[PDB]
Each structure stands twice: as structure tokens, then as C-alpha cells.
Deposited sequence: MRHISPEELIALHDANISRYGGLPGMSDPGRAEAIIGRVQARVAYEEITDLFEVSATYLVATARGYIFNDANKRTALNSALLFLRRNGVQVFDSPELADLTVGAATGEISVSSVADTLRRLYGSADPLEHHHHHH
């Protein structure tokens, strides 16, 4: 099968902007990795792997992630909970945005960090 390159992906994106690289390098590598390692052989399953990987990495961008994180932290602040930055929070947001980490696991992580005895 014929794959798409990072340079081709960056170029799809520039063209769409008119309404990295970095991110694109990582997406294609992620995609090519899963296809090899998990023996994904049919075209539509591979196509679907591209949509999912590309959707996740472009749609849940930095601005989206930080707004989402901030709204969660703001809500806790407003309810008298002390919050602080913790290195866990970056991965926690994309995980939760994408459906990898269920809402209950996020709540448990947040409770562990900021929560009472």
C-alpha cells in the first residue's frame, strides 16, 4: 500500500488554512507504526487509522487543550479547591478529550492531586 508523507500532510494543512512539523511527523509515524505492528492490512481500516490519528492531533490542538484544562481548574478554584500545575495534566486532557481516559478516571486523578484526606 501507498502511504502519505509528513510533507504531504503539512501541505494538506497549509492549503486548508487558507479557509509542526513536528506534529505531522508524529502523526504519520504513529500511523505507520500501528499499521505495521498491529498488522493492519485492509485499506479502509488503514484509512480509518489516518482519520483518527489526524483528527486527534489537529483538532485537540494547544488552544483547545488549554481552554479545556483551564475550565476544569477554574471550576474547582471557584468552589474553594486549591489547584496547582502538575505535569500529569497535559496528557490527562487529550486522553479525556479523545475517550481514552473515561470521565471517572479524570475525576479520580483530579481528586488525588488537589483533594482532601
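Gaps without C-alpha coordinates occur at 20-27, 126-135, with positions taken along the deposited sequence from 1.
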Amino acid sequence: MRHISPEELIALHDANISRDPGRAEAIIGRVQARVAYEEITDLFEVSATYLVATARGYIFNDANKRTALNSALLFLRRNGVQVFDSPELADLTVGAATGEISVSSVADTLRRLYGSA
From here on, numbers count along this sequence of modelled residues.
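For the pair 50-58 and 81-89, the mean B factor over Cα atoms is greater in 81-89. Here 21-29 and 90-98 are compared by their mean Cα B-factor, and 21-29 comes out higher.
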